Amino acid sequence: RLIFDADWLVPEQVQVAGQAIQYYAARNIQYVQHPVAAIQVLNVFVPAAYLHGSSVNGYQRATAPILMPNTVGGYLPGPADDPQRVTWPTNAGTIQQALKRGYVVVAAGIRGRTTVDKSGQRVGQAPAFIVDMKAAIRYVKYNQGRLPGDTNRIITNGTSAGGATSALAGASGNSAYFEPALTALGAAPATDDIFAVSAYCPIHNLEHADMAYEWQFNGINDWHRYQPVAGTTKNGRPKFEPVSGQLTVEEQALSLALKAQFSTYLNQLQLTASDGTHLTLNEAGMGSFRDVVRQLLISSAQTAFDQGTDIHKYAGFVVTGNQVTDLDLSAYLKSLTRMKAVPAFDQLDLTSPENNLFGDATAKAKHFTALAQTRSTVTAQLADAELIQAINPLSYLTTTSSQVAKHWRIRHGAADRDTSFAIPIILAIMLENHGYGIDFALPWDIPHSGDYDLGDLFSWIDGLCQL
């Protein structure tokens, strides 16, 4: 089975800026033979021209890129998207623009940490999210020819946890680690390596995210964030309430310890400059690597200033003429503010989204770092090291065990405090160090979000496929 039938494609149209976008849709397609959750279906959207042997933006049915966006956030379930969807979470606007650009779009539903089967058993914890993304990719590739588009031009996209999903799909192509799970689900007999990766603020490298967060925010003892509460705003988005707090002495001590250990972690990665020089951090969190973070923020400010943006908002920058000449990084960070407490990801009481992600058939949640396991304030288990490694995109760049996508586009807002800037920077440099194509940027004053630069994203995609 799992044979795509073009007859399932039905005509639809959406108005995009006074202009009508004609396309065809095939929805709620089960992409595995033995699904365990209703969310495991995908939707296919095709520009109308591809049913007429015509072209769009230079692409045809046989050559159109296949964009595979996901709606995963907080490592929660991500329902199959639709260009006509308006309910949160959705990137419907992106699909609309993608169709207009001539891309075929396959939006797959992905299991999340709260997904339970018919009996109430948790079936969406790690590595369910990536197993589903891979199953969806295999479905698409297995159906080359039957499905419009070029299955050799699959480009994943996602934001936050969804960005990590996209990155992981590109990094772990055809990894044997996931074969047992895919076999159980009865996924299509095809490969799952992809062409390119698009990822916005990928919340990945979770087992080292606590150290990175404290390297960045140590010394800033007040945190500020918004927690979802009962009720929803427009289109199903949960209502939020501002919450803040002060780190206890114990948390401040934990923070310093995490920051200190980040130097060791960072140094052992052996990240290098274009000339082979090793980037490092000293015992105080200062050094060549810190310089990179500072410089990236200076570049971010420069780019915005050059485009007419008033960069006098956050403290720390020094401006000479029309040039941003320096930055007091500590001042900027204090101005930006700390969002999460300590640890930011592996909470001692197992209450974070990541703790829940690492739970399994037995435990609702688990720790995923030796530090939090050792200092756990509740009865807890430490997640399997092999599993932690398997869902970290970086693992595939240090050890050969998969076919890695050759093209990457990563973005993380300069005002995004959901994870340290060091996290996406490490990914970007490691990719460059291993010869992969990487387009990276830290967009000025952009919060935790994604799909805010479609003009540039689509330009990058067209450059890879056509240009």
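No Cβ is skipped: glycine too gets one built from the backbone with ideal geometry, and neighbour counts run over all protein chains shown. FYI, it's all coordinate maths here, none of it is from the lab.
Having 1 or more residues that are over 20 Å from residue 357 (Cα atoms) and among the polar types (S, T, N, Q) is the bar; report the helices (runs of 4 or more DSSP H) wholly within the stretch 79-194 that clear it.
92-100, 179-185
Within the stretch 282-305, work out how many residues are under 26 Å from the mean Cα position of the chain (by Cα) and either not small (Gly, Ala, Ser) or not in a helix (DSSP H, G or I) (or both). Can you show your working first?
Here is the first cut: in the stretch 282-305, the residues under 26 Å from the mean Cα position of the chain (by Cα) are 289-304.
Narrowing further to those that are either not small (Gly, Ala, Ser) or not in a helix (DSSP H, G or I) (or both): 289-298, 302-303.
Number satisfying all stated conditions: 12.
Filter the stretch 66-103 for residues that are free of Cβ contacts under 8 Å to residues at least 60 places away in the same chain and over 22 Å from the mean Cα position of the chain (by Cα) and give the result.
The answer is 102, and nothing else.
Quick check: is even one residue across the stretch 153-164 surrounded by fewer than 24 Cβ atoms within 10 Å (Cβ to Cβ), without any contact (Cβ under 8 Å) to a residue 40 or more places away in the chain and either more than 27 Å from residue 367 (Cβ to Cβ) or touching a helix residue (DSSP H, G or I) at 6+ places or on another chain (Cβ under 8 Å) (or both)?
Scanning the stretch 153-164, I find no residue that is surrounded by fewer than 24 Cβ atoms within 10 Å (Cβ to Cβ), without any contact (Cβ under 8 Å) to a residue 40 or more places away in the chain and either more than 27 Å from residue 367 (Cβ to Cβ) or touching a helix residue (DSSP H, G or I) at 6+ places or on another chain (Cβ under 8 Å) (or both), so the answer is no.
Just give me the residues in the stretch 49-65 being within 28 Å of residue 135 (Cβ to Cβ) and either surrounded by fewer than 18 Cβ atoms within 10 Å (Cβ to Cβ) or within 24 Å of the chain's Cα centre (by Cα) (or both), in sequence order. Break it down into steps so the answer makes sense when it comes.
We begin by selecting, within the stretch 49-65, every residue within 28 Å of residue 135 (Cβ to Cβ); these are 50-51, 59-65.
Selection gives 51, 60, 62, 63, 64, 65.
Scan the stretch 342-357 for residues that are crowded, with 22+ Cβ neighbours inside 10 Å and either assigned to a loop (DSSP other than H, G, I, E, B) or of a type outside the set (A, V, I, L, M) (or both) and jot them down.
Answer for the stretch 342-357, where residues must be crowded, with 22+ Cβ neighbours inside 10 Å and either assigned to a loop (DSSP other than H, G, I, E, B) or of a type outside the set (A, V, I, L, M) (or both): 342, 343, 344, 345, 346, 347, 348, 350, 352, 354, 355, 356.
Looking for something touching a residue at least 60 places away in the same chain (Cβ under 8 Å), buried (at least 24 other Cβ atoms within 10 Å of the Cβ), part of a strand (DSSP E or B) and not hydroxyl-bearing (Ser, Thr, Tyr) - is there at least one such residue anywhere in the stretch 200-217?
no
Which condition does residue 442 not pass, out of (1) under 26 Å from residue 280 (Cα atoms); (2) touching a residue at least 24 places away in the same chain (Cβ under 8 Å); (3) surrounded by fewer than 16 Cβ atoms within 10 Å (Cβ to Cβ), if it passes all the others?
Looking at each condition in turn, residue 442 falls short on (3).
Among the residues of the stretch 50-70, count how many are farther than 18 Å from residue 126 by Cβ, assigned to a loop (DSSP other than H, G, I, E, B) and of a type outside the set (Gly, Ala, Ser).
Adding up the residues that qualify gives 6.
Only one of these conditions is not met by residue 239: (1) in contact with a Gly (Cβ under 7 Å, 6 or more places away or on another chain); (2) within 15 Å of residue 208 (Cβ to Cβ); (3) of a type outside the set (S, T, N, Q). Which number is it?
Every condition holds for residue 239 apart from (2).
Select the helices (runs of 4 or more DSSP H) contained entirely in the stretch 358-427, then report the ones holding at least 2 residues which are more than 22 Å from the chain's Cα centre (by Cα) and without any contact (Cβ under 8 Å) to a residue 60 or more places away in the chain. Even if it seems obvious, please write down each step before you answer.
Working: elements: 370-374, 385-390, 395-398.
Counting at least 2 such residues, we get 370-374.
Among the residues that make up the stretch 96-104, is at least one of them under 20 Å from residue 187 (Cβ atoms), surrounded by 24 or more Cβ atoms within 10 Å (Cβ to Cβ) and either touching a helix residue (DSSP H, G or I) at 6+ places or on another chain (Cβ under 7 Å) or of a type in the set (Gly, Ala, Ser) (or both)?
Here is the first cut: in the stretch 96-104, the ones under 20 Å from residue 187 (Cβ atoms) are none.
The answer is no, given that none of the residues of the stretch 96-104 is under 20 Å from residue 187 (Cβ atoms), surrounded by 24 or more Cβ atoms within 10 Å (Cβ to Cβ) and either touching a helix residue (DSSP H, G or I) at 6+ places or on another chain (Cβ under 7 Å) or of a type in the set (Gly, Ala, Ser) (or both).
Being of a type outside the set (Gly, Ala, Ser) and closer than 23 Å to residue 199 by Cα: is that true of residue 61 here?
Here the answer is no, as residue 61 does not meet what is asked.
If you go through the stretch 3-27, how many residues are of a type in the set (A, V, I, L, M, F, W, C), in a loop (DSSP other than H, G, I, E, B) and touching a residue at least 12 places away in the same chain (Cβ under 8 Å)?
Total meeting the criteria: 3.
Could you grab me the full set of residues in the stretch 28-49 that are in contact with a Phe, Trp or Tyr (Cβ under 8 Å, 6 or more places away or on another chain) and either part of a helix (DSSP H, G or I) or closer than 21 Å to residue 91 by Cβ (or both)?
Of everything in the stretch 28-49, those that are in contact with a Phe, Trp or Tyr (Cβ under 8 Å, 6 or more places away or on another chain) and either part of a helix (DSSP H, G or I) or closer than 21 Å to residue 91 by Cβ (or both) turn out to be 29, 31, 40, 41, 42, 44, 45, 46, 47, 48.
Check 247, 258 and return the single one that is surrounded by 13 or more Cβ atoms within 10 Å (Cβ to Cβ), farther than 15 Å from residue 425 by Cα and either of a type in the set (D, E, K, R) or in contact with a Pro (Cβ under 9 Å, 6 or more places away or on another chain) (or both).
None of the others qualify; the one that does is 258.
Go through the stretch 276-314 and give me each residue that's small (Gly, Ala, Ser), surrounded by fewer than 13 Cβ atoms within 10 Å (Cβ to Cβ) and more than 19 Å from residue 427 (Cα to Cα).
284, 308
In the set 37, 108, which member is surrounded by 23 or more Cβ atoms within 10 Å (Cβ to Cβ) and within 30 Å of residue 346 (Cβ to Cβ)?
Only one candidate qualifies: 108.
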